[PDB]
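This document opens with one chain alone, in structure tokens, the form deposited in one PDB entry.
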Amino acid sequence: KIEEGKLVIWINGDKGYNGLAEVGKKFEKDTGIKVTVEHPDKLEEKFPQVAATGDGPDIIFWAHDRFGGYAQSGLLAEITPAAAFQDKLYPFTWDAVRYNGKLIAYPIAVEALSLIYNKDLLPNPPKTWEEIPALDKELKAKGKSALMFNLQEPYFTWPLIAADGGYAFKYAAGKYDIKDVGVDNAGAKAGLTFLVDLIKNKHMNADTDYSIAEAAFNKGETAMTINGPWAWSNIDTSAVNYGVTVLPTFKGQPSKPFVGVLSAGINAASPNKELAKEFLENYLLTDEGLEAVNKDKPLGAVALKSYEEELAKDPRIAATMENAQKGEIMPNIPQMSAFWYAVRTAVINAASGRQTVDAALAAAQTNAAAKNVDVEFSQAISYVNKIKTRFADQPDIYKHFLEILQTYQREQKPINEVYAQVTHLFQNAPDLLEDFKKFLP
């Protein structure tokens, strides 16, 4: 039910949506087309649900890592920029929004996490993660803390996890191997273990989130934080004098932040694709438009060459790009969301103590990696054997088992309803219910 003759835009609540709304108001005056900018929570999760039936915004803003999943699901229109417009943007940013040979979004800005530190508490920031524990002890004797940052989102903890060898998907010459995940190798384990020890030795608190960390840094309570360029404007208001620098090294190796490219995608079900392209190309992606958003919340290093050549003179931008060079630009493949969900659970479970690092990351490795088809078939054989162990007197049990799985596909049965059908059929014991979940998660 996307209405024709208007533009509805979704953008995350930490970006400069008020500045984006002003670009929209200039668009409305020139064209008569009302532009509405909304920032719903979890918009990156709501968009696949509403767009699939033809609803949702005309334009969705998010980092490029979500967009490949959207495109594979037929939710994004293909971008049709003339060659002259494409030359206005850096080629590596166009690469970030390319999926299966097609441009599926307009890139806006390059984002990378940096180390933000209080120059009146810490004139020289630490070069290594390893010295932070003793630095915290010295600062705790002066009524301060060393480091506070968002421990709830794996975006913020991944640079340390990846530093010694962790990775999301192995890049093998032009394709990401969705079967080669590096979430439970020795490097990822060493990085998450340093994180959990920081919490264990009371240098960080597992409950710290984005807002707790931002308030503590902007009040001068903690000497360091980890954040992106969108956070700089609130620090400008705070009276804290801060520097933006390269993240600390772990085991002598640089932290590797996942680099995001903020991108605007056009809903495939939108009846306003021409209006969306005009707004994005001729209003937002200009010096005038980006400055309007950038003055609300800084965007990072923008994709537009003309505006970025002036933004690159900021040492905070130069530090952002230095951290980007040491990190890796994110894959956009559809498997990214499962990777992020798996790592979020692992960090949270390990940080709180509910699981060891090794257990937490082994479960995340299985959740993020594609199935080993030879392994699962052997488990299917073991599962069949288990049925015969407990139901030797029910010769029709396999016929009814297959019927459930067939009807699942033929009639679009919800998965949890399939689960109830399995537990009722195997009414004797629920081990067959637990064993079944792996085959259909």
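In case it trips you up, residue 1 is the first one in the sequence shown, and so on.
Form deposited in another entry: not shown, discussed below.
A.B. asks: Going by the rigid parts that rotate relative to each other between this form and the one not shown, point to the one of 259, 204, 71, 218 at the hinge.
C.D. replies: Looking at 259, 204, 71, 218, only one falls at a hinge: 259.
A.B. asks: By 3 Å or more, the Cα spacing of residue 325 and residue 92 differs in the other entry; is it closer or farther than in this view?
C.D. replies: Relative to the displayed form, residue 325 and residue 92 draw closer in the other entry - a change of at least 3 Å between their C-alphas.
A.B. asks: How does the C-alpha distance between residue 322 and residue 88 change in the other entry compared with the present structure, closer or farther, given a change of 3 angstroms or more?
C.D. replies: Closer together, by at least 3 Å.
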